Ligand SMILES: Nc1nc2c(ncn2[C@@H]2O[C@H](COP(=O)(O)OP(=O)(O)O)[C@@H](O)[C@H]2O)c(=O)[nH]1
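We begin with a single chain expressed as structure tokens, specifically the form deposited without the named molecule.
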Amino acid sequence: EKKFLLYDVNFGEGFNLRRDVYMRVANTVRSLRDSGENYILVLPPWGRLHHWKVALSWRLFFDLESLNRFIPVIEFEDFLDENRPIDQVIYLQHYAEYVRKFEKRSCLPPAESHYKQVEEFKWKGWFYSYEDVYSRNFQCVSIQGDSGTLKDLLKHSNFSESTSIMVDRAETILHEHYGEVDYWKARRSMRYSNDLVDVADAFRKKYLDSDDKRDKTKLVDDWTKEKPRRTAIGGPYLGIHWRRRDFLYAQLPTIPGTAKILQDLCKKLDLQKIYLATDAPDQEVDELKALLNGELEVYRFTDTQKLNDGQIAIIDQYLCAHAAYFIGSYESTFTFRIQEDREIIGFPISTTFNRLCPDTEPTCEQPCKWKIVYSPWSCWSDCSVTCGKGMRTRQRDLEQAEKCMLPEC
């Protein structure tokens, strides 16, 4: 009666969107188990951070014991040690576009490039790069819905003989109860690897004169014992996430524009240290440094010898999340994860939900304050996706949805 949910996401998606998808799928498993079904979530191995650069365990990035407190999880390679083929692949796809529904349908592009039947009950696919993994069955399902809709799909009678089901294009589903208790439980469960935390904490204490005791950012080991608070101070530094490439292809500051913002914030807050999270090339960083007043110092984690890119991103995000004040980039999922981290640490909202303005719009739109939780319309949710076709939703009809169209993956 053990059942396994596997999943994957559109190949062109980034690390931080995938982290969001985890929570969608975790909540599906939570619902499944609350309805009496003994489902285990199989964690999909991580791949390349940059598309211009395989099979990495979650334990490199996240603390599995924390994830396990919300739902039972295992690594893909632990799933493989049960020597059971995958019974079913369901490839989610969109309806051409407020109505929750699903149906098995003919495969839209590009599903038939991704899976190939070689025998009656043998379908090949990428399967995270693992040779010798196959599925007994494959189909496409059009779906418009959330974790609850996916629960319903998974309990369909067509799969009642399947103990292992893989849901591809999992980013197709939305959150149920966006910004509410179960959303935040799923997010709170995603504690970073202790090894990453130790690395980041050594950097905080050495370079940023920052530690949990003086910063008032002590967190209990067990995230389920977290209590609400707004008393975090953080370290004596300004955290900035500085995105230079515009993945929406107007919305980002120039290099001088950024220097001005940083200088104003540093004066207003009496800060002399800046922790800069960026992949900007060295000459643009040097330009930015040269434009800053001489008493401000910029820091970056760059002792990255063994660390892969996802680990560095998490370190960057953890360092930003422990700043006294954070300012991030427009519509960036990297930024959104930092905002969530600061919510969990228990920082005042004013220090958290801040976005860099472009040079022409000094009072630009600032991000919605999705606050941790333990009518007029709500804010629109963040997009379900960072490239291609997705949706936002609004709640208070008591629920609404709209397309968000992003550039091609």
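When you see a residue number, it is the position in the sequence shown, counting from 1.
Keep in mind the form solved in complex with the named molecule is missing from the figure; the text below concerns it.
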Response to the item:
None of 263, 93, 333, 162 but one has a heavy atom within 4.5 Å of the named molecule in the deposited bound form; the exception is 333
Item to complete: Have a look at 313, 259, 296, 74 for me and say which one sits with a heavy atom within 4.5 Å of the named molecule in the deposited bound form.
Response: 313
Fill in: Partner contact for residue 150 in the deposited bound form: the named molecule, 4.5 angstroms, heavy atom
no
Worksheet item: Wondering, does residue 17 line up within 4.5 Å of the named molecule in the deposited bound form on heavy atoms?
Response: yes
Worksheet item: Contact between residue 144 and the named molecule in the deposited bound form at 4.5 Å, heavy atoms?
Response: no
Worksheet item: residue 279: heavy atom within 4.5 Å of the named molecule in the deposited bound form?
Response: yes
Worksheet entry | Which of 169-177, 270-278, 220-228, 126-134 lines the interface with the named molecule in the deposited bound form (heavy atom within 4.5 Å) | 270-278
